[PDB]
Number of protein chains: 2
Amino acid sequence: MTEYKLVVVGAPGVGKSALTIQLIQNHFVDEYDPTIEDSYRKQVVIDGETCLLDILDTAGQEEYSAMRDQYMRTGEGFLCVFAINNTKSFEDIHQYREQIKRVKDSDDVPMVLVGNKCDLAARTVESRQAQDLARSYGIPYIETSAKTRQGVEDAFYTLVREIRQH
Amino acid sequence: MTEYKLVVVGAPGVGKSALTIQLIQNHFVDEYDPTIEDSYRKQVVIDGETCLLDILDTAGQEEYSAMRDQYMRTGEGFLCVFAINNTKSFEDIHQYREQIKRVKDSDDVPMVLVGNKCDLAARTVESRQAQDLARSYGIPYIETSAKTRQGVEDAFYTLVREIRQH
Ligand SMILES: Nc1nc2c(ncn2[C@@H]2O[C@H](COP(=O)(O)OP(=O)(O)CP(=O)(O)O)[C@@H](O)[C@H]2O)c(=O)[nH]1
Ligand SMILES: Nc1nc2c(ncn2[C@@H]2O[C@H](COP(=O)(O)OP(=O)(O)CP(=O)(O)O)[C@@H](O)[C@H]2O)c(=O)[nH]1
Ligand SMILES: [Mn+2]
Ligand SMILES: [Mn+2]
């Protein structure tokens, strides 16, 4: 069957693992549990196509930039995640986007900008900010909450459909 | 607030009204009740943006082609719906797509191809068929069921995001 190699990137603590586990294992992880590198494989049907989601859940931090080049090379689609209560993670988006373009030799990689934790009342990043950035990148913006599961399938399936029209 | 003028088009009986009512009024209509022209207005929040969905639910049939030019002129985004157990409705898609391009003076209008009734076991249109068409049109393909509500918000929000990157 068709297999989609999806990579989840973002600053440490934005909810990269929480999004993925919510998709795969249908529960919200509210535990401190930092990632090095986890792979998830799952058979799904998306718009009637049977396919495998091969998800690479990555680490945020300079520790990883080595592991990073390698895993971005083989990713077909990238979830670029920031947290809506973390302005620094929002500004860090540019850095991940540039490393991806570098390793992919591409101005246009299938990519979704994900504003996570949208359930929290204390936003420091306005949706309009993130939406303007997304439009300047030429990619969709999707807000998510791993906590309530709002936007979680949306973000992943939208990325799979981006890879399909690439 | 931002307002998105969305038009739902398709052959008669594909589930145009069922999709819209499911979105708006959270119930599946299993009654014979043909449409001439219904408008739905609803305040939503999509990816943190407060906006109004202004939905034009249209009639299928040559009766309407007059009413059709007029309403396609002002639509910003179009849901092009066929039913997965109706090959004729699938072939009719081309005709709607061409009339839209004609009235819009545009090779590229925000548009999603929607394969409806995906809950029915008796498919006569393979997902792969519809997916190839979607890629040749350069638009997303989304399968839906107004009955189970699978893919309904997906189809509408995806169209709103298409209008946003247009
Ligand atoms: N309320 C809220 N908190 C969330 C959400 N998603 C993640 N969190 C919380 O943020 C913290 C970090 O989540 P985690 O999924 O581990 O993030 P990470 O980005 O993968 C962390 P690391 O980069 O080290 O791998 C956890 O306490 C988690 O419960 C969300 O949408 N809502
Ligand atoms: N099982 C199933 N039947 C559906 C689905 N959506 C629509 N139907 C059924 O198809 C029939 C037509 O639905 P309707 O929403 O009225 O279609 P329409 O395309 O708007 C018809 P008209 O063009 O005349 O306005 C109804 O009996 C409805 O219950 C669906 O996803 N699943
Ligand atoms: Mn993690
Ligand atoms: Mn109708």
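Residues numbered from 1 in each chain as written, not as in the entry; some residues may be left out. Chains lettered and ligands numbered in written order. Heavy atoms only, no water.

Per the deposition metadata, X-ray crystallography was the technique used to determine this entry, at a resolution of 1.8 Å.

A. How the structure looks around the site of ligand 1. All names here are of chain A. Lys16, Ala18, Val29, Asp119 and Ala146 are the nearest of the 21 residues found near ligand 1. Note that an oxygen atom of ligand 1 is positioned 3.0 Å from one of the backbone N or O atoms of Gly15. By residue number, the principal contributor to the shell around ligand 1 is helix α1 (residues 16–25), which donates three residues. (Near = heavy atom within 4 Å. Polar contact = N/O pair within 3.5 Å; in protein donor to acceptor, adjacent residues only side chain to side chain. Helix = DSSP H or I, 4+ residues; strand = E, 2+ residues; numbered from the N terminus.)

B. Just the coordination of the manganese ion (ligand 4), in detail. Residues and elements named next belong to chain B. Summarising the metal site, the manganese ion (ligand 4) is bound by the protein donors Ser17 (OG) and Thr35 (OG1), whose distances to it range over 2.3 Å. Here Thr35 lies in the loop between α1 (16–25) and β2 (37–46) and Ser17 lies in helix α1, a separation of 18 residues in the sequence. Residues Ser17 and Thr35 agree in their burial class; the two are buried. (Donors = N, O, S within 2.8 Å, 3.2 Å for Na, K, Ca; no water. Buried < 20%, exposed > 50% of the residue type's maximum accessible area, 1.4 Å probe, protein only.)

C. Molecular detail of the interface of chain B and chain A. Taken together, the contact between chain B and chain A spans 21 residues of the former and 21 residues of the latter. Summing both sides of the interface, chain B and chain A together bury roughly 1,600 Å²; the carbon and sulfur share of this comes to 34%. Remark: the boundary between chain B and chain A carries four salt bridges. With a shortest N-O distance of 3.3 Å, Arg128 of chain A and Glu49 of chain B are connected by a salt bridge. Connecting chain B to chain A are twelve residue pairs in polar contact. Counting residues per element, the ones that place at least two in the side of chain B that touches chain A are α4 (127–137), β6 (141–143) and α5 (152–164) of chain B. Per element, the largest residue contribution to the side of chain B that touches chain A is five residues, and it comes from α5 of chain B. Broken down by class, the residue content of the side of chain B that touches chain A amounts to five nonpolar, eight polar and eight charged. (Contact = heavy atoms within 4.5 Å. Buried area = accessible area lost by both parts, 1.4 Å probe. Salt bridge = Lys/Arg side-chain N within 4 Å of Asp/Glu carboxyl O. Nonpolar A, V, L, I, M, F, W, Y, C, P; charged D, E, K, R; others polar.)

D. Looking closely at unusual backbone geometry. Residues and elements named next belong to chain B. Look at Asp105: it is not a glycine, yet its phi comes out positive at around 55 degrees. In this model, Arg149 sits at a positive phi of 75 degrees, which is unusual for a non-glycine residue. Among the secondary structure elements, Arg149 is positioned in the loop between β6 and α5. The partly exposed category is assigned to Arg149, whose relative accessible area is 25%.

E. Fine view of the state of the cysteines. A full pass over the atoms with the stated rule returns zero disulfides over all chains. Just so you know, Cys118 of chain A is unpaired, no disulfide at all, and the nearest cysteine sulfur is the one on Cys51 of chain B, 14 Å from it. A residue is classified by how much of its surface remains accessible, and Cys51 of chain B, at 0% relative accessible area, is buried. (Disulfide = S-S within 2.5 Å.)

F. Layout of the packing of aromatic side chains. Residues and elements named next belong to chain A. The final tally for this structure, using the stated rule, is six aromatic pairs over all chains. Through pairs of rings, three or more aromatic residues link up here, namely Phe82, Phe90 and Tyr141. A cation sits over an aromatic face here: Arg97 above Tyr137, 4.5 Å from the ring centre. (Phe/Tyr/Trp six-rings, centres within 6.5 Å; stacked < 30°, edge-to-face > 60°. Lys NZ or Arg CZ within 6 Å of the ring centre and 35° of its normal.)

G. Inspection of the UniProt feature "short sequence motif: Effector region" in chain A at higher detail. Here the UniProt feature "short sequence motif: Effector region" sits at residues 32–40 of chain A. Structurally, residues 32–40 of chain A is divided into 0% helix and 44% strand, and its ends, taken at the C-alpha atoms, are 19 Å apart. (UniProt positions renumbered as here; feature names shortened; annotations may be inferred.)

H. Fine view of the sheet that holds strand β5 (residues 111–116) of chain A. Residue and element names in this part refer to chain A. Strand order across the open sheet formed by six strands is β2-β3-β1-β4-β5-β6, with mixed pairing between neighbours. At either end of the open sheet lies a strand with only one pairing partner, and these are β2 (37–46) and β6 (141–143). Neighbouring strand axes in the sheet, compared pairwise and without regard to direction, differ in orientation by 25 degrees on average. The pairing of strand β4 (residues 77–83) with β5 spans six bridges and is classified as parallel. Note that in β5 the partner of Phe78 across the bridge is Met111. (Pairing = 2+ DSSP bridges. Axes fitted to C-alpha atoms, helices over the stretch in contact; angles between N-to-C directions.)

I. Representation of the site of ligand 2 in the model. Residue and element names in this part refer to chain B. Not every one of the 21 residues close to ligand 2 is listed here, only the nearest: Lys16, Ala18, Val29, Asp119 and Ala146. A distance of 3.0 Å separates an oxygen atom of ligand 2 from a polar atom in the backbone of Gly15. In this structure, an oxygen atom belonging to ligand 2 sits 2.7 Å away from a main-chain N or O atom of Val29. Relative to its unbound accessible area of 660 Å², ligand 2 is 87% covered by the protein chains. Here the shell around ligand 2 is built from residues that sort into eight nonpolar, seven polar and six charged. (Areas by Shrake-Rupley, 256 points an atom, 1.4 Å probe, with all protein chains shown as cover.)

J. Molecular detail of the packing of α1 of chain B against α5 of chain B. Residue and element names in this part refer to chain B. It is the contact of α1 with α5, at a shortest axis distance of 10 Å, that shows an interaxial angle of 90 degrees. Classed by the angle they form, the pair α1 and α5 counts as roughly perpendicular. Within the contact between the two elements, α1 uses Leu19, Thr20, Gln22 and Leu23 and α5 uses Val152, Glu153 and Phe156. Residues that form the contact of α1 with α5 fall into these classes: four nonpolar, two polar and one charged. (Parallel < 35°, antiparallel > 145°, perpendicular 65-115°, else oblique.)

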